[PDB]
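This document starts with one chain, in the form deposited in one PDB entry, laid out as structure tokens.
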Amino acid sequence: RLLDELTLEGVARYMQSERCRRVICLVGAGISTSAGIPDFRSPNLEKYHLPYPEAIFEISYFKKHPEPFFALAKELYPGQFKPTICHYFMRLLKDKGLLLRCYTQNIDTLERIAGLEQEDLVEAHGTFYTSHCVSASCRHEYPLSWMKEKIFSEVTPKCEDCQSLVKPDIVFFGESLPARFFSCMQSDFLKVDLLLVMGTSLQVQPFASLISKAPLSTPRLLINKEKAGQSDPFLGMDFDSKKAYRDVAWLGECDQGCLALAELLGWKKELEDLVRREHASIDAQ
């Protein structure tokens, strides 16, 4: 087995060994809650009067009534977009040549703001960064400043070329994921040395299946408020069985987990300096 012990300290020693060259991050809503974007699991959607609560993120319903979704986006639109310590931890992985890919479930663009490039990212459920007119014969593209303005004005966004609906480039429940997700997944996991899984409950599919694509020897560290990804005793990650050999669960806040790992790697000062400098720049802008 590659880890000398099933602890964060074991993971950190492995990351600074010659074997650990290619890291894939798998991240979800938990990495952005400290930036002010709420997840869905942690313990506000009644004003919308939907047939069933989860219809607001389903494509069948959005197509029939896009108003509730845009009204929700307005309510959730953050005053500033400040990536978290966890985001900047992944920026450090990129800076140090360790990041093969960040697969993200999030649509909030904070990975881009933190300095991950398009090539580093698989935005598996799309993004608010770009939007497109929904008419197949048009597909005119619009930037966030255009979309934010229509969300705030409480005016459903319409294409200026054809007056069809303009939809953020996000993947609703019931929509196909982007081709890039499947293409990257079929190559990235051939030689990955570490999976870093953060801020996800591993319940949305097919994203959740990504953890099963690494080689059987690849260590997998989960940094998450709750243990996730274990097989269901009714219906994976093996942290606690007598057969456990490569999966480690660090239970707590993503920011605190990344800080603790950074400190073991000797990156604590680098990470603090980076976050403070980036946040100060965003404040100045």
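In this text, the rigid core denotes the largest set of C-alpha atoms whose superposition between the two forms falls within 1.5 Å. Numbering starts at 1 and follows the sequence shown.
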{"property": "Unmodelled residue 59 in at least one third of other entries with both flanks present", "result": "no"}
{"property": "Coordinates absent for residue 222 in a third or more of other entries", "result": "no"}
{"property": "Where residue 216 meets residue 217 in the shown sequence, the number of deposited residues left unmodelled", "result": "none"}
{"property": "Stretch with the higher entry mean CA B-factor, where the candidates are 52-60 and 242-250", "result": "52-60"}
{"property": "Comparing 34-42 with 220-228, the one whose average Cα B-factor in the PDB entry is higher", "result": "34-42"}
{"property": "Out of 76, 114, 194, 211, residue topping the C-alpha B-factor column of the entry", "result": "76"}
{"property": "Peak C-alpha temperature factor (PDB record), options 119, 154, 108, 123", "result": "154"}
{"property": "Where the record places residue 89 (Cα B-factor, split into thirds across the chain)", "result": "lowest"}
{"property": "CA B-factor placement of residue 131, once the chain's modelled residues are sorted into thirds", "result": "middle"}
{"property": "Within-chain third of residue 200 by Cα B-factor, per the entry", "result": "lowest"}
{"property": "Residue 139 by Cα B-factor - lowest, middle or highest third of the modelled chain", "result": "highest"}
{"property": "Chain thirds of CA B-factor: placement of residue 148", "result": "highest"}
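Unshown form deposited in another entry; subsequent notes refer to it.
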query: Shift of residue 256 between the shown form and the other one at or above 2 Å (CA, core fit); finding: no
query: C-alpha of residue 60 off by 2 Å or more between the shown form and the other one on rigid core; finding: yes
